[PDB]
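Per-entry structural report
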Amino acid sequence: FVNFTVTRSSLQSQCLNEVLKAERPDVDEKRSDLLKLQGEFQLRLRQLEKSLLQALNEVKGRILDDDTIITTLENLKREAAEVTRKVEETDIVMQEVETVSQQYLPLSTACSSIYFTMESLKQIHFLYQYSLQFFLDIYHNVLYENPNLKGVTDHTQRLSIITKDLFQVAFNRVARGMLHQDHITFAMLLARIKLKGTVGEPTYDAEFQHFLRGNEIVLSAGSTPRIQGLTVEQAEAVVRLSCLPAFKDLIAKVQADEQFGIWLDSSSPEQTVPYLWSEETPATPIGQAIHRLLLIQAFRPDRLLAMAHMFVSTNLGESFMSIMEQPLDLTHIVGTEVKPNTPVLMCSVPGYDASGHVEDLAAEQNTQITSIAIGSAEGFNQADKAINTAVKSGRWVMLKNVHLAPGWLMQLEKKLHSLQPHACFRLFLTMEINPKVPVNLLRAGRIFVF
Amino acid sequence: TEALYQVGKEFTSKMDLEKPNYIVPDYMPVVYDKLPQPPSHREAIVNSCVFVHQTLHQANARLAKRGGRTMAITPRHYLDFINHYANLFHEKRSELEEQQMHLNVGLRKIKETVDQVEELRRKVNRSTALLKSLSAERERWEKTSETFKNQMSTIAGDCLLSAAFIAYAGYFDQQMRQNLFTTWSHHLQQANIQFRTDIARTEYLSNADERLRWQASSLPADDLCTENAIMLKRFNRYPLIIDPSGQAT
């Protein structure tokens, strides 16, 4: 059995190799030297010693012009000395390489987590098809073409910068083809990933389990009204959170508190939340936000989404979603960062049109568009002819309402699998969000939701 | 376990796995009917082989417990492991002996050149350089012969580990492959079998030319792909590729 399947650890290793190749070329060169110490180094040492052998039997031990053999002998001496220094230094080099890899390991773990969360977005919706090459493009973009990496060279701030833009670019590239109500879900997943990544902060696994499923434990026996301002279902929510060790004394606190009622009727209670959780050590902002999120899930669950947004701000940086609020700017997305191999799949909610976006973008980038309706069989023929002619020149062929015939999309995906002669060629597929669109096409193309 | 021990001993009888200087450690019990109370080097190696097989069953069962997705292990796997061990051991010993005899031939040739220099003296300024370079090359090659002597003792465990990886550590992802390799390494260390510390399998089992050809033939540079290519090269049972993409094809 020879298995090529990518997994968590395979992606961790690949990410670590790539980041240690890019960020620390000297450490990667030391790695290569270590690997060739067992291999190629003694091999070409033997090859040059053999070279000295044929030089010796060619010169026949000449003495009148001795430099011909002296140069070879001193070259052998120098290479042998270099190999001796490398072998004598194997332990310091290996421990330094190990320390450097430990420095860059959380990034690789986060990258594997981000990919396998992104890959598992199929459950949320059928349109969330992402390939490995998509995430590798995200990684290659955040490594090389990172504007925030142009100036910093300290190799210690650079890691934090790389991680931050990694998370930001992953969200920006995934959420642009993902429903609006799913933006908060992906942001929470990324926030949990970074919370696992960050050092000095507890995992809060018990609080997460309570937040997801722990509120649904069976505690029917023991439901009491508490204060008249606290309703019965909020009372049982109080009971379930009193199961949690952090919030054991909610009931006594809410009888003690007299300003709790007005907060319970607040327009946006999440903005200013009373301190209820009992903890001796003052919790870090993240833990405080966790406690606040659990209480918002208990009291006033209608503010769950905005409290989750404030959590994403406190964990994944403020204005982490601000890229989504600004109007979508697809001229940069198509001009760069999109290969002509990948077609731009325009998916729109039923009852909406998205061709105006590509039209006015082409107007902004003064580019000809071969817009073709796909309904007719002559539509099929002219679409194929337009693709064949445009790959030769670079015209931006744009199909519309292409979800009607999935088999032709089988054919189109198979055709685009073959390489394109022109780099400036772009392809656009306007389609409706229905479950008959090819999964292979969705995986092989960049998806935009409108 | 007795059957595996017996077949491993009978198949590894041809290989020269005798080290008189091998000192017997404590513990490391796998087969419960070991012929001597202090095992010999060959018997310890056969015990390590049967342990590799048993611990592959253990790893498969624990994978089945924690999420299933396991392939059954058959005695054909054990025979393939032993065949890989034998062939790899023979190849590496043959290359080492050939390099040693080449070094000896070179020693005689450089000695003849020394005779030529001695006859030629009987310019002195170049002769001093020739003699000092001769001396330096002399100790360099003496240490080369000695490090070849040192490498020879270490060939047994390394080929065992590499054969176990080639034959057994398939269908298994990177983490499981590394866990199996480190468990086998810990067993060899507890059995006091001299294998090269912190070895990387790839360069020991593949040349620079082979890896260059693999990269030129559209192979990814990831370590997992390199190990899979090594398995695809040094195979006895015809390979079965599980590739979600078409990169392996």
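About the criteria used
Here, residue numbers run from 1 along each chain following its sequence as written; these need not agree with the numbering used in the entry, and residues that have no coordinates do not appear. Here every chain gets a letter starting at A, and every ligand a number starting at 1, in the order they are written. Note that the displayed chains come from a larger assembly and that each value is computed for the displayed part only. Values reported for side chains reflect all heavy atoms of the structure, with hydrogen atoms and water molecules removed beforehand. Here a residue-residue contact requires only that any non-hydrogen atoms of the pair lie within 4.5 Å. When two parts are brought into contact, each loses some accessible area as probed by a 1.4 Å sphere; the total of that loss over both is the buried area. Within this document, salt bridges are pairs made up of a side-chain nitrogen of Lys or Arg and a carboxyl oxygen of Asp or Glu, the two lying within 4 Å of each other. Within 3.5 Å is the distance limit for a polar contact, defined as a pair of N or O atoms, with the added protein rule that one can donate a hydrogen and the other accept it, and that residues adjacent in sequence qualify only through two side-chain atoms. Under the scheme used here, helices are H or I runs from DSSP no shorter than 4 residues and strands are E runs no shorter than 2 residues, and both carry numbers assigned from the N terminus. The patch calculation keeps residues exceeding 30% relative accessible area without a salt bridge and links them within 9 Å when they carry like charges or within 5 Å when they are nonpolar (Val, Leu, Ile, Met, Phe, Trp, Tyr). Only the protein chains shown count as covering a residue, and every accessible area follows the Shrake-Rupley method with a 1.4 Å probe. In summary, the charge assignment counts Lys and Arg as positive and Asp and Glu as negative, without counting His or the chain termini. Every charge is mapped onto a representative atom, which is NZ of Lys, CZ of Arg, CG of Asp or CD of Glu. Any residue under 20% of the maximum accessible area for its type is buried, any over 50% is exposed, and the rest in between are partly exposed; the area is computed with a 1.4 Å probe on protein chains only. Strands qualify as paired when DSSP identifies two bridges or more between them. Fitted lines through C-alpha atoms give the axes, limited to the stretch in contact for helices. The angle between two N-to-C directions lies from 0 to 180 degrees. Between 30 and 60 degrees the pair is tilted, below 30 it is stacked and above 60 it is edge-to-face, where a pair is any two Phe, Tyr or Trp rings, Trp via its six-membered ring, whose centres lie within 6.5 Å. Two conditions define a charge sitting above a ring: the NZ of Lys or the CZ of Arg must be within 6 Å of the ring centre, and it must be within 35 degrees of the ring normal.

As stated in the entry header, the method of structure determination is cryo-EM and the reported resolution is 2.9 Å.

A look at the interface of chain A and chain B
Contact residues are listed per partner, giving 31 residues for chain A and 46 residues for chain B. Here chain A and chain B share an interface that buries about 3,500 Å² over both sides, 62% of which is from carbon and sulfur atoms. Taken as a group, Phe1, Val2 and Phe4 of chain A account for 24% of the area that chain A buries against chain B, more than any other trio of residues on that side. Counting the contacts that link chain A with chain B gives 1 salt bridge. For the salt bridge of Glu40 of chain A with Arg211 of chain B, the shortest nitrogen-to-oxygen distance reads 2.8 Å. Our enumeration of links across chain A and chain B arrives at 10 residue pairs in polar contact. For the side of chain A that touches chain B, the secondary structure elements donating two or more residues are β1 (2-3), α1 (8-22), α2 (25-38), α3 (40-59) and α4 (67-88) of chain A. Ranked by residue count, the leading element in the side of chain A that touches chain B is α3 of chain A, at 7 residues.

Quick notes on a negative patch on the surface
All names here are of chain A. On the surface, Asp329, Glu359, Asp360 and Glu364 cluster together into a patch of negative charge. Its location among the elements puts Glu364 in helix α18 (residues 355-364). Look at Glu364 and you get exposed, because its relative accessible area is 54%.

Description of unusual backbone geometry
In this model, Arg226 of chain A sits at a positive phi of 55 degrees, which is unusual for a non-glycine residue. Checked against the element boundaries, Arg226 of chain A lands in the loop between α10 (205-212) and α11 (232-243). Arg226 of chain A gets classed as partly exposed once you look at its relative accessible area, which sits at 23%. Even without being a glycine, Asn192 of chain B presents a positive backbone phi close to 55 degrees.

A short note on the sheet that holds strand β3 (residues 369-373) of chain A
Two strands in a sheet stick together by hydrogen bonds in their backbones, pointing the same way (parallel) or opposite ways (antiparallel). Residue and element names in this part refer to chain A. Within the open sheet, the 5 strands sit side by side as β3-β4-β5-β2-β6. Their pairing is parallel. The two strands at the open ends of the sheet, each matched to only one other strand, are β3 and β6 (446-449). The mean angle between the axes of side-by-side strands here comes to 20 degrees, regardless of whether they run parallel or antiparallel. Both strand β4 (residues 396-400) and strand β5 (residues 427-432) contribute to a ladder of 3 bridges, which runs parallel. From the neighbouring strand, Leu399 faces β5, where its bridge partner is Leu429.

A few points about the pairing of strand β2 (residues 344-348) of chain A
Residues and elements named next belong to chain A. Among the 5 residues that make up β2, 5 are buried, leaving the element largely enclosed by the rest of the structure. By the bridge criterion, 5 bridges tie β2 to β5 in an arrangement that is parallel. When the sheet's bridge partners are listed, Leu345 is paired in β5 with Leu429.

As for the packing of aromatic side chains
Scanning the entire structure with this criterion turns up 21 aromatic pairs over all chains. Ring geometry for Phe1 of chain A against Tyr171 of chain B: centres 5.5 Å apart, planes inclined by 70 degrees, an arrangement best described as edge-to-face. Within this pair, whereas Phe1 of chain A is found in the segment before β1, its partner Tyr171 of chain B is found in the loop between α4 (124-167) and α5 (174-190), the two belonging to separate chains. Aromatic rings pair up to connect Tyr115, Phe116, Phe135 and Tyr139 of chain A into one cluster. For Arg201 of chain B, the ring lying beneath its charged end belongs to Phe165 of chain B, and the centroid distance is 4.1 Å. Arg201 of chain B extends its terminal NZ or CZ atom over the ring of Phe181 of chain B, reaching a point 4.6 Å from the ring centre.

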